[PDB]
């Protein structure tokens, strides 16, 4: 439960607005829904799980508990996981999504701890890009002579190259805005 990311997304939702099961889903599919693709069945299942830890109270409207608000602070401060599923690419790495959740509910949990996660993740995107940048020069040196399969592969690599750059650029925009704060 504390090693997953949806309980926490819902903890953010509850932190801002204490809603119900359906009100929660409804709220989630337009607030955090643009980064997380979760179903109503998932939202409800996790809401059950959160009441099992006493993370949410039965005020029928759910409320974040003290224990749940503590977990959000804990989770936001918790650094980058080495066991995280998808390490090594901006398209597969789920940290970009987690940072967005942490960034939203940065009331519970502090900005200093998150800043370091933003700078740590950016450093990883540089390893990713530096890898892609190597495959480019060492596989697609002179990118104008490419014809069919070779060019299709280049273009695909160029999508990954863009994503890595995109991630770094956002991570920079995030890191900049968290400094002036």
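Numbering follows the first chain given and starts at 1.
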(message) Gap size between residue 39 and residue 40, counting deposited residues with no coordinates: none, 1 to 3, 4 to 9, or 10 or more?
(response) none
(message) On mean Cα temperature factor in this entry, is 160 to 168 or 6 to 14 the higher one?
(response) 6 to 14
(request) Quick one: say whether 80 to 88 or 99 to 107 has the higher mean Cα B-factor in the deposited entry. (result) 80 to 88
(request) Please pick out which of 58, 123, 112, 135 has the largest Cα B-factor as recorded in the entry. (result) 58
(request) Would you mind checking where the Cα B-factor of residue 154 ranks among the modelled residues of its chain, as the lowest, middle or highest third? (result) lowest
(message) Which third, lowest, middle or highest, does the C-alpha temperature factor of residue 118 belong to within its own chain?
(response) lowest
(message) Could you place residue 129 in the lowest, middle or highest third of its chain by Cα temperature factor, using the values in the record?
(response) lowest
